[PDB]
Structure formats: C-alpha cells, structure tokens
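Working notes, structure below.
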Ligand code: NA
Ligand code: NA
C-alpha cells in the first residue's frame, strides 16, 4: 500500500438487489428537507476516492464527470471507473437517484464529480490527494458549473505543506472539505483545522470510535451502491462522512434560499453545525452532535 | 460629525441609581450559562467606541487597560475616558460587575480593553477605526494576554482597502469582530462579510422602525430600552440598533469559554461563529430581518437528546 489510504472498514454483506431509502438517510432527516432543498439540485460533490461504477443504475444519471489522478488504467485521466468498490459506495450515500428501486442518497438530485485519487487497493500518493483537492476547486463545467463540496474517507500519517496548502486553497475558495475522522496512521487531512471532520455512530446513536470532530453521522450497517450494479452493507468510521457531504448540498440550497445571497464556506459550516443535535456525550466525543437536517424548523418560535 | 459615527440611538431615561439584572441580559439566557462559562473569565473584549468611565463602580474592576486613538485630550493616548456616554453604556452591557447593586452585564467576569476611536461627538476618522482594530489584534498583556473579541457600534458610507484589511487581519488572527447593523450612511464595517453583524428586536422579540436595518445580519439581540452604565457613576436607558451588538460581544466571551471546555481544545474564529449561530433561535421573521435568529444562549442544552 501507498501512504494515504482508506480508513478501515468492515464488509457486512453484498447483495445484487435492494429497494429502500437506507435508514442512514432517513434518520439524518434528509427526506424532511428534500422539497425545500430541491434534493440538492444545482450542487456538485467531488468524491475523492477509488473511482465509481459510472453506469451503475442508481448513479449513472447523477455523474457529471470525473478524473483519474492515479497510475491505474495506465494513467488514463478519463477512466475513473471503480476497481475497489468503496468509491461507488460513497457515491450512493451522497446522491443515489430515486429510480423506483435500489437505494437513494442524502442528496438524490445533486451531481457527482468522480475524482479517482486512490488505486484499486484503496491507497494513493499524498500528491494525488493534494492534486485531487486543487483539481476539484479549479474544475469548471461547460456553463461555468463548479463544486462547492468535496468528500474523502482517507488518511495518511504525514503532515505535509503540500496537502495542507491544498485544503487551505479549497476553503479560501469556498469549498467545504469533508473528511472521515478515523482509526495516528490516518490523521491527515482530517486533523487539519479547516476540514469538516466527521465521526460515526450506530442507529441507536452510540459512538463507534483525541480525534477532533465537528459532527457525527451514521456509520454502522450502511447499505449503498457497490460494484457490478449491486449493493453492499459496510460498517466503519468512514461510512459517516458521505452523509455529511450529501447534507451539505441540501444545506447550501436551504440556506442560500433563506438568506437570498451567496454564503461563504464559514457560513455554510455554521449552517451545518446549526443542524446537529447533541446526543448527550461531550463535544470532545461527538462534536456538535448528530446530523439532524430538520432541526431549524423544529426550534423556530420555541422560547423559554 | 465626521463620516464614521455611532449608529443613531435615543436616550430614553437617565438615572443616578439602579439595581437589577437588565432584562436583555436575562432574555439572552446569559445566567443559564454563567456557571459553564465562568462568567467569561479569561476573555478580553476590545470595546472600540468613545471611551469609558474607567472608575465607574460597575466597571472599574473589569477594566484592564485602554488606549486613545483620537485627537481628544490633545491626543493623550493614555486618556481613554468617556466624553460622550455611549462607550460606558456599551462596556456595561458587555461586562458590568456583580455588586449587589447597579447592573450586571452578559459576561460579568470578562475583562475590558477600552479603545477610544470615536470623539466626544461620537464620530471618528476611518483611519482611527482601522488602527483601533489592528491595535486590538496586536496588543498583548503583562502575561501575554490577547483579545479574541472586538465590538463596535459605528458605521460610515465608504468601503476602503484600509478598513477592510484591518477586519480581515482580525479575523485571520482569530479575533471575532462584532458590529452593530446600521439603521447606507452606516454600511461599513458591518457590511464586510467577515464581521458578525447584529440587528435588534425589543423585549417582545418584535421589530421596530427606528431599530430596523437593511444590512446583511447574522443574529439579533435586545436593542429597545436597554439599561446600562453611563457617565458620572450613573445609568442610562438607550434604544437603538447598536444597543444589540454589545449583548453579542459579551455572549462571545461566554461562548468561547463554554465551547473550548466542551470540545476540550482551542477553537478558531470560524468555529466560534458557528457556536454563536447554533445559539440563535429563529423568531419567525425573514432571514433578512433576523439573520439566524435571536440570541438564546442555553439553546444547545435545550435540544440535547431530543430526536424525532
Ligand atoms: Na434508486
Ligand atoms: Na452591579
């Protein structure tokens, strides 16, 4: 393996068929805000991972492009197909489409831009990760479309100026950088102050497990898309982050519609924090709490 | 008056003696978080205003230093006494001490650093306001103390590089910059994206024409009939959009303490901002009118463990 790699996880199950809104999407309250958020239409998430099955039935209509920054496929930059499975799983939790079967993501009208920066074994060079971040920031679509969210479920032990500068470049250019905060060897980039660091809980809101986190989301028994047009149930710290990345698409639409202006990445971060409900551990352990997308509606007009 | 000046306000009453917790301190829920935040101990707020009555009895024990950046007192930099009143009133809302009498502020163990950047008439040169911001950022106490919060209740019509650079310098050096919204003669610095812009409601959480704003605001706090400290060891009741900002400046001292304890680590200006927004309860006005809501410091405790 190369130095930066996927935070370890467990495969619970693989199935060729599903038809449900996964419970993770349901208990972070995504369906409650879908109408007001237009399901994340108009936002694009750069998924920095192992690639994606581009013609997966739940995902094909949501992918707007991609790039391969790894040596895989002889270094062909137009081939971001998934030779691991993990990047396909991430993509589904973010933005699997409503198709009448399979699964549905947190933001089922957001667009995905697939950045394969990990090789088939789930590892990559620090420089690949730094370049993936800068690429995401700098990319422009045909009509000047850009990404405002990037998500990673990876870490490496080394603090390098190249990688930290990339993260600074992203947030200074109003891109939210989501990384899973997991188990030292996986410290960076999640440890950087600029990053929205996500921890995991199970569906009973118990912590999965010094990490400096901002928020928790579902990470146990998470069903999503996988290779060969089928599905897999994974459990790990890194299963949480993709929920937050889809949530950000919904929240930027919610907040900018409310405020009637463009909001900075600082302000978007506050709007995410706004929508976290403490479970009742300490903030050192759960950050701001559990992602609860409809919280603002519930507190409105509620006075002492 | 000069170009940059205090945002207009009314003096409703002026008394010699008072004994209460002003309602604004109450309704923002500051007492509910005092224990957890050690009443703002260890935090210093830079009050950029007309000076302060440095021996006021509600204030003298809270004040740790000052500077005068104006031409008042023939430019004596060590004379930051208040020749207007408004600075004293602000200082009181932020951090008036617990005494058995008088008033008490939102953060009654927070320290004040008094920066006189406005003249007796409540106006100042943009340059003085720029310098005041940088001054607060660069200042270090006898043991290396720093300010992490500055507050202003002023505005002027002109955007300039100098003033915006000062604001950015603060925020990039983790200093929260709080600004009252103007009631656009009073557009800057409150219109800078980097600043926390605060609007006003009254004690029924209602809007009023005199306190309304067209500024892009982040939060609202009480601004109508706010009793605080004033000249000659007395008290005054002021109404005005700018009455709200000091409630937020004090609140930040409480927030920084309680959130850095909760997280068990130092938090950036960005993170402190989120900590503030997460303690705003929407009242039902538009986001233009109220930003993220009304300052309710105990909100995080109220929502804890509450899932649908
Ligand atoms: Na589907
Ligand atoms: Na007192």
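Residue numbers (the entry's author numbering), protein chains in the order written: chain C, 1 to 183, 192 to 217, 222 to 316; chain D, 1 to 183, 192 to 316. Don't be surprised by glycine CBs; every beta carbon is placed ideally from N, CA and C.
Rounded C-alpha distance that separates residue i from residue j
i: residue 111(D); j: residue 59(D); result: 9 Å
i: residue 283(D); j: residue 227(D); result: 12 Å
i: residue 181(C); j: residue 311(D); result: 25 Å
i: residue 214(D); j: residue 34(C); result: 31 Å
i: residue 78(D); j: residue 67(D); result: 6 Å
i: residue 43(C); j: residue 91(C); result: 14 Å
i: residue 211(C); j: residue 287(C); result: 18 Å
i: residue 29(D); j: residue 304(D); result: 6 Å
i: residue 148(D); j: residue 64(D); result: 14 Å
i: residue 184(C); j: residue 99(D); result: Since chain C is numbered 183 and then 192, with no step between, residue 184(C) has no place in the structure shown.
i: residue 97(D); j: residue 14(D); result: 20 Å
i: residue 2(D); j: residue 71(D); result: 13 Å
i: residue 307(D); j: residue 314(C); result: 10 Å
i: residue 269(D); j: residue 18(C); result: 45 Å
i: residue 123(D); j: residue 155(C); result: 53 Å
i: residue 195(D); j: residue 86(C); result: 50 Å
i: residue 20(C); j: residue 116(C); result: 28 Å
i: residue 16(D); j: residue 236(D); result: 11 Å
i: residue 140(C); j: residue 51(C); result: 19 Å
i: residue 184(D); j: residue 76(C); result: No coordinates exist for residue 184(D) in the structure shown, because the numbering of chain D passes directly from 183 to 192.
i: residue 137(D); j: residue 280(D); result: 17 Å
i: residue 289(C); j: residue 275(C); result: 22 Å
i: residue 23(D); j: residue 223(C); result: 40 Å
i: residue 222(C); j: residue 301(C); result: 16 Å
i: residue 216(C); j: residue 120(D); result: 60 Å
i: residue 102(D); j: residue 25(D); result: 13 Å
i: residue 80(C); j: residue 192(C); result: 29 Å
i: residue 9(D); j: residue 231(C); result: 53 Å
i: residue 83(D); j: residue 11(D); result: 16 Å
i: residue 173(D); j: residue 273(D); result: 17 Å
Host beta strand (DSSP E) of residue i (start-end)
i: residue 237(C); result: 234-238
i: residue 230(C); result: 227-230
i: residue 151(C); result: 149-152
i: residue 135(D); result: Looking at the DSSP string, residue 135(D) is not in any beta strand (DSSP E); the run it does join, the alpha helix (DSSP H), is 126-138.
i: residue 243(C); result: 242-247
i: residue 68(D); result: 63-68
i: residue 168(D); result: Careful: residue 168(D) lies outside any beta strand (DSSP E), inside the alpha helix (DSSP H) at 161-172.
i: residue 206(C); result: 204-209
i: residue 178(D); result: 176-180
i: residue 12(D); result: 10-15
i: residue 4(C); result: 4-6
Contact belief for residue i with residue j at Cβ below 8 Å, rounded distance in angstroms
i: residue 150(D); j: residue 177(D); result: 5 Å
i: residue 245(C); j: residue 263(C); result: Wrong, their Cβ atoms sit about 27 Å apart, outside the cutoff.
i: residue 179(D); j: residue 198(D); result: 4 Å
i: residue 296(C); j: residue 271(D); result: 6 Å
i: residue 93(C); j: residue 238(C); result: Rounded, the Cβ-Cβ distance is 11 Å, inconsistent with contact.
i: residue 261(D); j: residue 107(D); result: 4 Å
i: residue 135(C); j: residue 69(C); result: 7 Å
i: residue 56(D); j: residue 241(D); result: 6 Å
i: residue 175(D); j: residue 202(D); result: The Cβ separation is near 10 Å, so there is no contact.
i: residue 183(D); j: residue 7(D); result: 6 Å
i: residue 54(C); j: residue 285(D); result: With a Cβ gap of about 39 Å, residue 54(C) and residue 285(D) do not count as contacting.
heavy atom of ligand 4 below 7 Å from residue i C-beta
i: residue 111(C); result: Absence of ligand 4 is noted for the structure shown, with ligand 1 and ligand 2 being the only ligands found.
Residue range of the unbroken alpha helix (DSSP H) whose run includes residue i
i: residue 279(C); result: 277-285
i: residue 263(C); result: 253-271
i: residue 291(C); result: No alpha helix (DSSP H) holds residue 291(C); DSSP gives it neither H nor E.
i: residue 308(C); result: 307-311
i: residue 32(C); result: 30-33
i: residue 26(C); result: 23-27
**Request:** Specify whether the region 200-208 of chain C and the region 237-257 of chain C touch according to this definition: at least 3 beta carbon pairs, one from each stretch, less than 8 Å apart.
**Result:** yes
**Request:** May I ask you to verify whether the region 155-170 of chain D touches the region 123-141 of chain D, counting CB pairs closer than 8 Å and requiring at least 3?
**Result:** yes
**Item:** Stretch-stretch touch, CB-based, cutoff 8 Å, three pairs: the region 112-119 of chain D with the region 38-57 of chain D
**Value:** yes
**Request:** Identify every run of the alpha helix (DSSP H) within the region 42-130 of chain D, keeping only runs that are complete inside it and at least 4 residues long; order them along the chain.
**Result:** 86-95
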